[PDB]
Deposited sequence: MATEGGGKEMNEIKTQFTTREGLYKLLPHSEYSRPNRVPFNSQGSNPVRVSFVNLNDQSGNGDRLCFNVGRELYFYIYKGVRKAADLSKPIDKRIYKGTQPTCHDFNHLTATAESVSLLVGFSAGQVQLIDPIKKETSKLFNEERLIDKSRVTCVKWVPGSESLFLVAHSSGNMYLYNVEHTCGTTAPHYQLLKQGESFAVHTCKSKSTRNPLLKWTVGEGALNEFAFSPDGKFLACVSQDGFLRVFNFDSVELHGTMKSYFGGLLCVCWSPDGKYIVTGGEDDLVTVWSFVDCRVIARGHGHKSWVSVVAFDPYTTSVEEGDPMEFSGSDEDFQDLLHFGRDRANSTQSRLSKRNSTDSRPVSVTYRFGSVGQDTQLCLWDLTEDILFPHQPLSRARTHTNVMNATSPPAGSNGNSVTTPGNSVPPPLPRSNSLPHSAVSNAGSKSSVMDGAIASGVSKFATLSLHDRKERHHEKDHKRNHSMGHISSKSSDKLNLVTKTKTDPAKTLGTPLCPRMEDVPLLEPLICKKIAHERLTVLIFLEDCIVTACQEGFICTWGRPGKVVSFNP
């Protein structure tokens, strides 16, 4: 059980580039908490990638230099210290990013959400400041796809809320009115004001949601074991799935949106067909909870929009897995086995991101790592 710094697949060698590392400038391993999370944004010239990540009380904002030597950690573009409630997750707005400005949403432990312009720095807005909408920790925030102003935030309590950046408040707790009830979910409105709708799903924590690559559907995974995928604009259940044990912790779509992938408290990744609403396969490999699942849009034969797939997963077992699902697997319930299953961290993995030049992982210690793709 020793750490690996590289692995081989059909594409060649992947290699941990330690001089691309990002972290706290101090550089000492963080130990205690809230998961370390990572967001990337582009600003439409040469070095226009930004990285944001969080640690304990610190939010950092840097230039991300991909597979090159990392930008000087001594001098971040922006840094925030939160002395009360601490960050849990965050999301850039890819629609309104520019060199002059980016909209960063940040969610917190006590359920607040902050909007931050880490570039121009003349913007800082609080949502749910008095905690009257929800007291429980934010688990996930996402700008609504294709939107300049709407975002969706999930909570520990089992709810999601829709917010408009441009609206306010409120000063009193919202009086809700039903709009749809369904199999294990409801949706409410209230009666220019800031939670637009409250969206109750299943029972227990809403761990993660992910929009379909076309933004038309929402996929959710809860502490009750359910994957639930909605028709976002329509607001109605499209299909569900339950694991045999424990809750589902993370989700992702295939880059063509035909497949949903979950990872769970039973250590399995599950593949699930969006059109057939059936489970397509399951993969054993993690020796513990699967904490992140992602499709690799750069090693897949499908053309995205507006046959093979690659995805990966990282878990609390400190391991990375990669997975192929082919025609044999898709169109013959079968068991995937990982192309690779390496230990790559000293502590629980919290980030899996597939970029064009590389793969990015992070661990709970606060180190953001870059993995050079073969030939890059």
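K.L.:
For this chain, which runs of the deposited sequence have no C-alpha coordinates, given in order from the N-terminus?
P.N.:
Sequence ranges with no C-alpha atoms are 1 to 10, 43 to 44, 57 to 58, 206 to 208, 324 to 364, 391 to 519, 564 to 569.
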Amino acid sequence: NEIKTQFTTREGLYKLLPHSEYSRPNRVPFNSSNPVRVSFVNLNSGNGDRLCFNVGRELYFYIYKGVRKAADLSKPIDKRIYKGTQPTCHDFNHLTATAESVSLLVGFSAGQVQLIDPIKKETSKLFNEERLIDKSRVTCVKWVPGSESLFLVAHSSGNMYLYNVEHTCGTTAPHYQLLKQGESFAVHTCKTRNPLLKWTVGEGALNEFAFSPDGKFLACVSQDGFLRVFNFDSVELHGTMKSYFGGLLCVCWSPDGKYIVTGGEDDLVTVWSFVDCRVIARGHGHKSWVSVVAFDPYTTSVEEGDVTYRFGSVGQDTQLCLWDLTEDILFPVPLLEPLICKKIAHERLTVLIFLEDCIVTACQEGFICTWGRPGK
From here on, numbers count along this sequence of modelled residues.
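K.L.:
Which has higher Cα B-factors on average according to the PDB entry: 163 to 171 or 263 to 271?
P.N.:
Going by the record's values, the stretch with the higher mean is 163 to 171.
K.L.:
With reference to the PDB entry, specify whether the mean Cα temperature factor is higher for 105 to 113 or for 280 to 288.
P.N.:
Taking the mean B-factor of the alpha carbons in each, 280 to 288 is higher.
K.L.:
Among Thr350, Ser39, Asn54, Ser32, which residue carries the highest C-alpha B-factor recorded in the PDB entry?
P.N.:
Spelled out: the listed residue with the top C-alpha B-factor is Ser32.
K.L.:
Quick one: which of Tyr82, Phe127, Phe230, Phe226 shows the highest Cα temperature factor in the PDB entry?
P.N.:
The record points to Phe230.
K.L.:
Looking at the entry's B-factor column for C-alpha atoms only, identify whether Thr308 ranks in the lowest, middle or highest third of its chain.
P.N.:
Tercile = highest for this residue's CA B-factor.
K.L.:
Hey, what third does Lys216 fall into on Cα B-factor, ranked over its chain?
P.N.:
As the PDB entry reports it, the C-alpha B-factor of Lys216 lands in the highest third of its chain.
K.L.:
Please place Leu179 in the lowest, middle or highest third of its chain according to the CA B-factor in the PDB entry.
P.N.:
As the PDB entry reports it, the C-alpha B-factor of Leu179 lands in the highest third of its chain.
K.L.:
Lowest, middle or highest third of the chain for the C-alpha temperature factor of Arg131?
P.N.:
According to the entry, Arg131 has a C-alpha B-factor in the chain's middle third.
K.L.:
By its CA B factor, does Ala186 count among the lowest, middle or highest third of the modelled residues in the chain?
P.N.:
Answer is highest: the recorded C-alpha B-factor places it there.
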